[PDB]
């Protein structure tokens, strides 16, 4: 049981994602206009996948002004007021030196919590944290920020987002 939808990209056909807002069920991908060299978002079928058969790959070619100018946001995330949740996701990168922040917030852009400038390695690792829905929201969001300068020239892979009571 999880709060989010399509946490492992298994719903989505393999291929480059061109419809960023609606091409991946359960997710909203977004690239801001300050990112002059846009990234490539791809759902990959690979036996490397920690969950199922598929992962999301984000190839970063350039950045903008804020880390969220390249982001993948899980939406909707169905929760209950006052409840504490565990967030877990798996991530790795093509090259050394990647940086990602894993966040959760409300539709008002208020963050309930995050894992900040996580050090992503060339091997799959789990990244986990707890957060509490400290207000009266029931439908929240989980933005992952990839727009760090250190990621230029890298591909970041994510899989198996699970937000659990």
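Positions refer to the first chain, counted from 1.
Comparing 27-35 with 102-110, which stretch shows the greater average C-alpha B-factor in the deposited entry? Per the deposited B-factors, the answer is 102-110.
As stated in the PDB record, which stretch has the larger average Cα B-factor, 127-135 or 47-55?
Comparing averages over the C-alpha atoms only gives 47-55.
Ranked by Cα temperature factor within the chain, is residue 79 in the lowest third, the middle third or the highest third?
Residue 79: CA B-factor falls in the middle third of its chain.
| message | What third of the chain does residue 61 rank in for C-alpha temperature factor, lowest, middle or highest? | response | Answer is highest: the recorded C-alpha B-factor places it there.
_Splitting the chain's C-alpha B-factors into thirds, which one does residue 1 fall into?_
Ranked within chain, residue 1 CA B lands in the highest tercile.
Lowest, middle or highest third: where is residue 13 by C-alpha B factor in its chain? Highest third - that is where residue 13 ends up once the chain's C-alpha B-factors are sorted.
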